[PDB]
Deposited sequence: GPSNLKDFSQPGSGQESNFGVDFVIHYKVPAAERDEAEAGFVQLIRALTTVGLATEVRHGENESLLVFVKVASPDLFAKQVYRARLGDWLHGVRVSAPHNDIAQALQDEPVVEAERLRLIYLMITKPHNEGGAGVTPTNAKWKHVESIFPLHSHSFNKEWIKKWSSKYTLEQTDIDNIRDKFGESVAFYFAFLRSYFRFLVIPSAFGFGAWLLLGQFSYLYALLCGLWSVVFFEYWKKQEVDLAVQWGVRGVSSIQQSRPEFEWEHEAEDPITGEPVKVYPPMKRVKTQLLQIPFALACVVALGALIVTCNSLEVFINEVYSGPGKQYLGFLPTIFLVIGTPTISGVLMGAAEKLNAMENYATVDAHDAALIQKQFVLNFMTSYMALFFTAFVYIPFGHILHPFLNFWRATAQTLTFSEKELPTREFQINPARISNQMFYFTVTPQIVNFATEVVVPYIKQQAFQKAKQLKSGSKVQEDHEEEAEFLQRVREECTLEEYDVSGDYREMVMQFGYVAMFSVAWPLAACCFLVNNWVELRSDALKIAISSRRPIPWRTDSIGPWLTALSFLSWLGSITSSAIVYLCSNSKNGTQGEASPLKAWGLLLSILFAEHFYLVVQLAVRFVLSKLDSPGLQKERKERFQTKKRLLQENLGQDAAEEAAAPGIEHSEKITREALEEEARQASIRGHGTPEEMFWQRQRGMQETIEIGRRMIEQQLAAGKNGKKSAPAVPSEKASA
């Protein structure tokens, strides 16, 4: 398969600006060779020069020793790093960390062990992408093995860690845990739909309890995996963004300027929410118009919603592009803060685009449906319709995806690399966002359509292999990054859960018929809070394997790290002391 190539650099050279392009190429070559990297140059499609780079095991051993020293410094590696640059790796050299360290060597600034060739900030305006190569032998075996199973063991996630790093492995572990936890809502939602009719209050409590239990158990599993993979606490390592444009040095950026460009979110968010509300109001007005005076064969009534969801991927993509443009123009020093801000913006936009139609149907039309008269007479109150609407939503994605699916020398290695270079980087945040949106649907609107949980369970089982296929075939190999958790998405999940405990409950009051609505909302929220406290208390006192491992390591370290003068001169010893004590009690 691969010829030992460890990284690939694109370095587009156009027909124009060739004179400085050659200088950039030679400078890149000296910068790469100074670090101690073996390099090769080959053709690429459309005037590109692919550069193949590997490591001299002594230099790599020294670099991994320095990296382990740095990890020990920040507390993410409690055990001793190693003896010396000698053979102490008999601590494996697994491909994920090797590729991450080689990428750091390639892209780190010249100040600290590297030669910065970042393709956006510095004069490296000609390099397009720096990516590792895919292992087809491993990829085909992984795809075949995952498709031949029904449940994935922890060893599969460990192999994903070993090959693609911490972020991809964490996403796959989260998806596996969420899919396994989706069985309970599927089972009891099928039970409620079979027996309890529709809009079951007990179903709302069960869904909220499942949501909080799953959230807390996933936090416990997250810390377990973080201490198992040796990446616990890596979030404290704040790495600077190369594209950070600073002003002075004491690098620093005026916080007031960042606040000023952050305030641009409010007009952007307001414009997006107003446009989306207008679109959804028009769509639902047309829906009630066709459901009022028209003929079907029934199913055609909710067709505007079907069209809205079929068109919503494009609107969501445009909004995500705008959010990314806004995030790029608003400077962030660390990459963690930039990623958190981008995740927050994308989560808000997707929250709007995916839930505002249901929110308008439930808490706007149902309580007072007499506000649609202007639109209704421009073209010219069912309580259960939301259920049907929710059903369409909860099936729209899966069904349309299915529809799409139905519609449908060393020259070979060089051609494979050239084909791979045209692919796009794998963005795990998109998959995280789609899973978070599905969880929000489950915790928010499953009361209307209790069967939604089974459909999402089937979709999750399909996605556990669909995303694997996307990574293996449809995407170039991502850079192995280290993270101790799924990031800020946890917060989003928590938020959804909390507000879910409101919305679903309110639905049960609104679609089954004021002071009663407020009582139901407050009782559901307080039940959610008390079960959150109870589950946190239960899991806190529960013994985790990571805690036992940490305690064993601490015990091993402990095993390895192991007047006044006249008053006091009366009875200077011990014999006189108890002699005088015996006579002393003898006096009484």
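Participant: If a residue lacks a C-alpha atom here, it counts as unmodelled; so which stretches of the deposited sequence fall into that category?
Facilitator: Missing CA coords at 1-16, 72, 108, 269-277, 325-326, 410-428, 457-481, 587-599, 649-690, 717-737.
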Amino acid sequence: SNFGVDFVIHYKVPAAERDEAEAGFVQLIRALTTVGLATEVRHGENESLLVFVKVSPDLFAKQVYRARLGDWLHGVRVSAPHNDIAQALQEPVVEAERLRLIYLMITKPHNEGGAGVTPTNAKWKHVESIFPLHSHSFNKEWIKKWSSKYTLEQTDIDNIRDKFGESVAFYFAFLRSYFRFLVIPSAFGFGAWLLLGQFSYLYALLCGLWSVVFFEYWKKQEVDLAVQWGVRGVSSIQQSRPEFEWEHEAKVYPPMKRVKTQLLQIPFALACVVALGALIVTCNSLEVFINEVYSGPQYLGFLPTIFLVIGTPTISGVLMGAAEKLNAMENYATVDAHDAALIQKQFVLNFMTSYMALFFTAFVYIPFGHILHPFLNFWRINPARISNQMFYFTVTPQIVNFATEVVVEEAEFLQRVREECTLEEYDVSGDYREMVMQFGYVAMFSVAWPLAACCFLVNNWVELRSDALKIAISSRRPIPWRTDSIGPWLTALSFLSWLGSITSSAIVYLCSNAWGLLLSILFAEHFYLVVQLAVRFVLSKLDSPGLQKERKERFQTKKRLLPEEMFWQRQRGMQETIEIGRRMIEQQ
From here on, numbers count along this sequence of modelled residues.
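Participant: What about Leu562, is it left unmodelled in a third or more of the other PDB entries we looked at?
Facilitator: Other entries vs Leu562: at least a third skip it.
Participant: Tell whether, across the other compared PDB entries, at least a third have no coordinates for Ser544.
Facilitator: That residue is missing from at least a third of the other compared entries.
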